[PDB]
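*Asks:* There's a structure below that I have some questions on.
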Amino acid sequence: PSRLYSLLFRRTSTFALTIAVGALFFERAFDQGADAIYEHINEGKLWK
Amino acid sequence: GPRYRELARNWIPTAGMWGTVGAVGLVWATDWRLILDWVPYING
Amino acid sequence: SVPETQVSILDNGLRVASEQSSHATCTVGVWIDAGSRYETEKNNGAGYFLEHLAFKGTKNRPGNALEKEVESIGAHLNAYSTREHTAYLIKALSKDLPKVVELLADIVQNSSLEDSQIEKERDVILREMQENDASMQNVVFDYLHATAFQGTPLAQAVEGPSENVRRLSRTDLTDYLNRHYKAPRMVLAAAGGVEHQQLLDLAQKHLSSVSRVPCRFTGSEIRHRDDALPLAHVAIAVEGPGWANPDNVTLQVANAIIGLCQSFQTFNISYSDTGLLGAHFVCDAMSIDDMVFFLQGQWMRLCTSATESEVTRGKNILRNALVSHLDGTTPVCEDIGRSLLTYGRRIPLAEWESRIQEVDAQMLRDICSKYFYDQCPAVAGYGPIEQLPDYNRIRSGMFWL
Amino acid sequence: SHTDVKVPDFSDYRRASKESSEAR
Amino acid sequence: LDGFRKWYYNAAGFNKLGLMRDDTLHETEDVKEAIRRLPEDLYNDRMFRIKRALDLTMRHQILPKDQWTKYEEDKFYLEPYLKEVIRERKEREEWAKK
Amino acid sequence: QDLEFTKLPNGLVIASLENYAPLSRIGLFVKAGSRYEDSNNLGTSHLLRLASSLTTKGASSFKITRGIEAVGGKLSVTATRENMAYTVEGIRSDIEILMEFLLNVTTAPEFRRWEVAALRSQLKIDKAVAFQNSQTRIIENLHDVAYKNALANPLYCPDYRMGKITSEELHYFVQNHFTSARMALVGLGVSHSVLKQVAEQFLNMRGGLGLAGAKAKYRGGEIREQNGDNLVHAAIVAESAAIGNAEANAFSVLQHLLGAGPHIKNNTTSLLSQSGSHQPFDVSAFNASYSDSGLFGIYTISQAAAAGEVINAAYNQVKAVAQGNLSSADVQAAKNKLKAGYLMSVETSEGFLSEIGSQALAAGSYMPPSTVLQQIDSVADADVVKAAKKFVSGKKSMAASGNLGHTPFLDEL
């Protein structure tokens, strides 16, 4: 979308800003997601 | 320094934005957990 | 206090425009909206070769007797062709105004293309092209047009490829002549000591017979490496707005700000809703990259940080240069012919001054960021261009981190 | 001279223009 | 003040190496522009005086007292040329400021 | 209205025309060309021409450049062998400081030695750019072989004189030729009053008549320089009339009869050009008249091989004009070409300012374009023939360049 480029990518700093924010949130999702996936993968064999 | 003044204005937003980027990164990397805490996301 | 340019229209559609002035000599010309952009690669040199044949005699004035007439009053006869416009203009005295107009009428219609002449003008054109390669900046700007407008009729040159030049015949020419010389696409422009009513009556008397009936910027680069040449010519451009877009004026002010390489020239070439905006520099091999870096910084600077004073400089600079009134008759009319062909009207100098004074620093850096920042350029290099950086380095120099 | 040839056809490579500039 | 300036000129000690005052200036950009604008004879005397002072400092010697540079005699040759460099420099700076 | 010309009591000519143009131009004309040097200060006028942007007493270099570019104005220097002209142009609201800058440059230079030492490399570069084309070199060679002392001095600095021109030579040249009795200040688009009032702040320092220049003496001679250019640029001239003499006009009518360059963007445009023709070659008539002496002749560019008979053919055509073989319609067409060329030369603003300027220095008076037209008309057929015989008889001077294996000499020509 042009909006993205026009607003988020056009300014190099914003390009970084978006990356920064994204990084701040990516961890949360990826961690939790992978954790659960892992949890499901080894659904029964764990400490619980 | 009028010229300097004008140029400053031009760079003010981008400069601040870069600073903002660093601040954001700082909190994320450092896992402040105090600024982040209030943030919806929770480490646990 | 500059006199207004008055425009009338015949039934044919030939707009007869004139701008009277005290000077007793006048520049009467015919402009035609016909160039290499209207050619379809099978007649790529038809306008150029017709521009050669147009002074070699007509049906009413066979051969050199025609040019004997333009010697007899001491007038000067010139013609030129671009990618979009063709012009046939005469500088003469005021009192010789009728016959000159009649002469121009023959040149646009009733022209005679002699087969004998066709071979002679083919050898002239062929040879000139065979030696035209000598002019580097022409080679570099043709390369820039080709690589910037790949696959379009704007890539092909005005002269055409030697191939077509050799392979051209009267009938083909006749076609180009009968196809792209329509009366609604023609302006009879007069500047200097002329009366508009007399010129309108002369256009009604002769020239009243003239028959009445996009482009894509491919950002890319062409480099002709030839290390035996002493100097290197490099042109870098981005897409221009076109004739009718007013921010051209602002872009002109930006060029006036720029104005390290032995020669550095900025250009804003405009065609119908397209164009090339950029810089051409001619340099020694061992300096080329530094020039490029320098140049990109300036552009980026304007887009990034531009003061108020320099803007004023550009405003003023452009003003004086844009000043063309009473610069010369030939220029004056040239402006009337191009203004009636492109804008459809003659823009007065007061409107130009208003559009210049409304330009400030904020809208200049806004328009420069619209047209220069993070854009893919077209690069054309000729000479010892090994140290000329490739496309990633130039493209990365088109923005700042 | 220079006019002898035209930019070779990159269409094969060319993708499917400022409207698309930002998009691209 | 004049006698105390002569006493300080003796206490500075560059006259014992045969140097002038303008030989002792630190070569900044403005000083090098002023040195470049010197005539050939003044530049050659300045380079010879600097070379002789460096040789004397190498051998840890000074000139004999009759060959020292008398305070009264020292000539501020680079000064005139320097002021201009500074003046021009400032003018340019001001233009940019404005 | 029309131009106004007060002569100030110190000798300075003031000419003004207020036409309410948006861009106004102001020029200052000095009789300080290259003819006023001798063998000891050759090339001084070239460095003076290139030294217009140097720190002046009144204004530092930075300002003299940044102030003219700040308003977008233009400062240029044009020089002939007789005259120098310093011209500024710009918007009417900035011409006060433009006259400040121009009159400071004319009246009070400093000529600092480091500035001229930096300028000598630019002098070499400018000479190379100027001699990139063959016409310039062949005209300089033609003047050098045609004259002995005054008009034989080159417009461009000789190669040995680079590195040798000093500040004292420039100061001596300015103090001996930039005096008020040799200067005219000409302004289009300005009020006469201000020019009069800007003629007091400056142009009051040097009131002398300047160190007059030696009378130019003709020498004859033919110089040929093998340079390789396939084209043998050859100029063959003889002594002709001075600017003022009536004969002058006759020579202008004679070059427009013989051919003064093409009028179309290229044949049967000249008795010369007509005189058989099966090859690529350019032939025109050359005329350069200065206030004490003139040169008139033929100029040819041709393939080296045909260089001979082409030159001979051109020479033979002039001999036909020397034998009375001409028609009145041809002379009428030549007069029409000459008067149209004069009117198109004065139709532009800078050409108009130059013309007024030249007239001022030359005769102190302005000659309305109209007046000239009737004087050119005064020239009559016999008059033209007369000038021709002058050329056909007077000792010739020949400058040749190229592959001169088939280029004839003067005793063969």
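We name chains A, B, ... following the order of the structure tokens; residues begin at 1 in each chain, and ligands are numbered from 1 as shown.
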Got a sec to pull out which chain F residues are within 7 Å of chain C, counting only C-alpha atoms, and send them as a list in words?
*Replies:*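 Matching residues, ligands excluded from the count: residues 70, 71, 72, 90, 263, 264, 265, 333, 336, 337, 340, 343, 344, 347, 348 and 349 of chain F.
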*Asks:* Given a cut-off of 12 Å, which residues of chain D touch chain A, counting only C-alpha atoms, written out as an mmCIF file with C-alpha atoms, in the first residue's frame?
*Replies:*
data_model
loop_
_atom_site.group_PDB
_atom_site.id
_atom_site.type_symbol
_atom_site.label_atom_id
_atom_site.label_comp_id
_atom_site.auth_asym_id
_atom_site.auth_seq_id
_atom_site.Cartn_x
_atom_site.Cartn_y
_atom_site.Cartn_z
ATOM 1 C CA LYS D 18 4.556 6.512 -9.894
ATOM 2 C CA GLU D 19 1.148 5.086 -9.108
ATOM 3 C CA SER D 20 2.973 1.812 -8.784
ATOM 4 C CA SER D 21 6.219 3.419 -7.698
ATOM 5 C CA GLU D 22 5.317 3.394 -4.046
ATOM 6 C CA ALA D 23 3.735 0.006 -4.431
ATOM 7 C CA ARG D 24 6.855 -1.418 -6.002
#
*Asks:* Could you name the residues that touch residue 6 (chain D) at 9 Å or less, counting only C-alpha atoms, but leaving out those on the same chain fewer than 6 positions away, as a ChimeraX atom specification?
*Replies:* /C:146-147,150-151,155-156
*Asks:* Since we have the selection now, will you write its residues out, keeping N, CA, C and O atoms, as a compact mmCIF listing (two decimals), in the first residue's frame?
*Replies:*
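Saved the output as selection30.txt:
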# COMPACT_ATOMS: atom_id res chain seq x y z
N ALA C 146 17.24 7.07 -24.31
CA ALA C 146 17.00 5.68 -24.68
C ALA C 146 16.79 4.80 -23.44
O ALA C 146 15.80 4.08 -23.34
N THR C 147 17.70 4.90 -22.46
CA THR C 147 17.58 4.07 -21.28
C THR C 147 16.50 4.54 -20.32
O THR C 147 16.04 3.74 -19.50
N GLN C 150 12.95 3.44 -22.61
CA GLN C 150 12.96 2.11 -23.22
C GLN C 150 11.58 1.62 -23.64
O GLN C 150 10.64 1.61 -22.84
N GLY C 151 11.47 1.20 -24.90
CA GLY C 151 10.24 0.63 -25.41
C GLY C 151 9.18 1.62 -25.83
O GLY C 151 8.12 1.20 -26.31
N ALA C 155 12.29 7.09 -26.66
CA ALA C 155 13.67 6.62 -26.64
C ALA C 155 14.40 6.92 -27.93
O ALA C 155 15.61 7.18 -27.91
N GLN C 156 13.69 6.86 -29.05
CA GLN C 156 14.31 7.00 -30.35
C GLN C 156 14.72 8.45 -30.62
O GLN C 156 14.05 9.40 -30.20
*Asks:* Please, which residues of chain B lie no more than 6 Å from chain A when the count uses only C-alpha atoms, and can they be set out as a PyMOL selection string?
*Replies:* chain B and resi 17-18+21+25+28
*Asks:* Got a sec: who's within 8 Å of residue 53 (chain F), counting only C-alpha atoms, leaving out chain neighbours fewer than 2 positions off, as a ChimeraX atom specification?
*Replies:* /F:50-51,55,61,64-65,105
